[PDB]
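The chain below stands alone, shown as structure tokens; this is the form deposited in one PDB entry.
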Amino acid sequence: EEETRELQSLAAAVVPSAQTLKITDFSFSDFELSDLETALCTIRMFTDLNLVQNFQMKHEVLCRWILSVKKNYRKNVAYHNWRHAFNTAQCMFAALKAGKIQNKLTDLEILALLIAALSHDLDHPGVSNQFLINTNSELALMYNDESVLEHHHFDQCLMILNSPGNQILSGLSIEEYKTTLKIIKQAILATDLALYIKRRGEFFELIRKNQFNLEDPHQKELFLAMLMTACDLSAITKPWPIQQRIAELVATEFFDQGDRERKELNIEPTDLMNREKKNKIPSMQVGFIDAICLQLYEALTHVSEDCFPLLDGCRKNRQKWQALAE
């Protein structure tokens, strides 16, 4: 059996230190890592956030859950595959550690954020919410056209958490378990960019008006949503060669969707999904950075100055894309 060898290899491995694995670095790249090494990095994230000890996760179970999460990404989807989920979780770990966010959060919040980061795009089909709506997908019907994909990712997350041998939350008390699942749902839903756009104004205004207070539960929840977005988008902050390579993957995925829209919907794709108009990429990247990314990384730096490297990297990529666009 093939998946058994994977598990036995993972569970038998000594997990290298976070220092060795370079996972505290906001500039981290996964490109040179094997799948087994990404799994070992994930075990280290749970370990160094004190989650294994605290919640008494059995090693074999954590290993199985990680491998189940990885298997439930679609490997041939160009961008939304396990490496994107892994990178998102690594950004979350770096923000908590290097970015000094950890001590602002509870143990349950940290547990939920890590699980959510890893699970937030599970079973992604490589097409957008709008595409699912337009092709009358049953998922869109079930979820009333609202955060369609994200509902599905959450459903998948729960399925894996409940699967025999994978129950990494089986040790929590009833009140802790309830609380954790609620946070996970909110965290995964927050990764719908439409929800980020809807809610970010309140976050930015709280900050601007000197009203931001993490002791307020509603504001804590809002902050967690923003932090999820920040991690989900973090490829846009990476050193140029890394960001360029990842941007090519996203383009491949999006252009694939446009091809499907021409065939299935008989419509010209929007520029973002139109390979015929790939000349628009630089200008679209600048526009995305300016409209969606910069304000978020600026706000995050306001919350914790040690998150500044995300903003610095974002600004550097803006400059590089704009040099291409102009």
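All residue numbers are counted from 1 along the displayed sequence. Each form is matched to the other, and the largest set of C-alpha atoms that superpose within 1.5 Å is called the rigid core.
One more form of this protein exists, namely the form deposited in another entry; it is left out here, but the text below deals with it.
With the two forms fitted on their core, the C-alpha shifts between the shown form and the other one stay under 2 Å for all of 34, 50, 56, 279 except 279. Core-superposed comparison between the shown form and the other one: the CA of residue 76 exceeds or equals a 2 Å shift.
For residue 213, the Cα coordinates differ by under 2 angstroms between the shown form and the other one after the core has been superposed. With the core held fixed, residue 252 shows a CA shift of 2 Å or greater between the shown form and the other one. Whereas the displayed form keeps them at a certain spacing, the CA atoms of residue 75 and residue 239 lie at least 3 angstroms farther apart in the other entry. In comparison with the shown form, the Cα-Cα distance of residue 23 and residue 75 increases by at least 3 angstroms in the other entry.
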